[PDB]
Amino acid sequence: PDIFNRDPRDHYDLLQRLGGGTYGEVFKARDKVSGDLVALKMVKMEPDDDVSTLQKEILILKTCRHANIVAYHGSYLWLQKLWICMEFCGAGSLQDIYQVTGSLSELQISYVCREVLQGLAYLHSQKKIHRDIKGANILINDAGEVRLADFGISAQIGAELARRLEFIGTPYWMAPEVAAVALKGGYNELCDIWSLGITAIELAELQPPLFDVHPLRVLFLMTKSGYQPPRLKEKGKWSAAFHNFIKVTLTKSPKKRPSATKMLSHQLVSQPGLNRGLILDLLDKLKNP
């Protein structure tokens, strides 16, 4: 992996802040000569970080190439700030879209779900977990194509990791099994399938289930023995295949819950007429209400 030890401000002009958090910032940026629009993700680098692990993580981003995953172009390390140059998605997230357009149609949701599953089946074949499938992390380009934004780079380095360590507290008295869970958590690969189920409801209804209920209460209810997975609110609005998609994706037991490959053979996402045109209609609704 060629991490360029140079200022990215020489190569790109930063236009507009798209978003950010503790990890750092993501900008819309223009290439100075070539004129390509890119997404430039600034990641804050703390002084006692392994450069070898950073190299392995950028190598993981370089090797992770797939149509439904946002493309990696290159890296810059300059003044304890890692910059990751990526594919720009000009319509933002599905969240940004649905907040203006209102709820997606069933065919639109079916197309989105197929493309996310294609993305997830690839990530799971590489022994990765997305960990955060939601409307806000599914990006849409001007062509109506679907890309997953991958925030996994911030987990292994920088301020997001430093904040995770502060929350976990001192580890010196902690047992191996407790340390294992502090790093990993409950995240396995099939948790992304659950999250997609919730996302499909989110796109259908403008909120995930229990969005107005307090988060601790939701967490307690999810962990009970007789917890009932959520459902679509209106039954008649949606077809039997869409209800079944939600039913199988929201299987409570991880052992019984179907994989991304399994889900790609489901009726909802395997039907004909699912293409980017459906999202071009959505982007037209956004522009001309």
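Throughout, we count residues from 1 along the sequence that is shown. For the two forms, the rigid core is made up of the largest set of C-alpha atoms that agree within 1.5 Å on superposition.
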Between 7 to 15 and 263 to 271, greater root mean square CA displacement in 5 other deposited structures of this protein relative to the shown form, after rigid core superposition, belongs to 7 to 15
174 to 182 or 118 to 126, the stretch lying farther from the shown form in 5 other deposited structures of this protein by root mean square CA distance over structures and residues, after core fitting, is 174 to 182
The stretch whose C-alpha atoms carry the larger average B-factor in the entry, 203 to 211 or 182 to 190, is 182 to 190
Stretch with higher mean Cα temperature factor, 9 to 17 vs 265 to 273, is 9 to 17
Listed options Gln228, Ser34, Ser259, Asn68: highest C-alpha B factor recorded at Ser34
Among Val146, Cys113, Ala175, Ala162, the highest C-alpha B-factor in the PDB entry belongs to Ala162
Entry-reported C-alpha B-factor of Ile168 relative to its chain, by third, is highest
Of the three thirds of the chain ranked by Cα temperature factor, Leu79 occupies the highest
Quick tally, chain-level thirds of C-alpha B-factors: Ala241 sits in the lowest
In terms of its chain's C-alpha B-factors, the third that includes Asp142 is the middle
The third of the chain into which the C-alpha temperature factor of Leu196 falls is the lowest
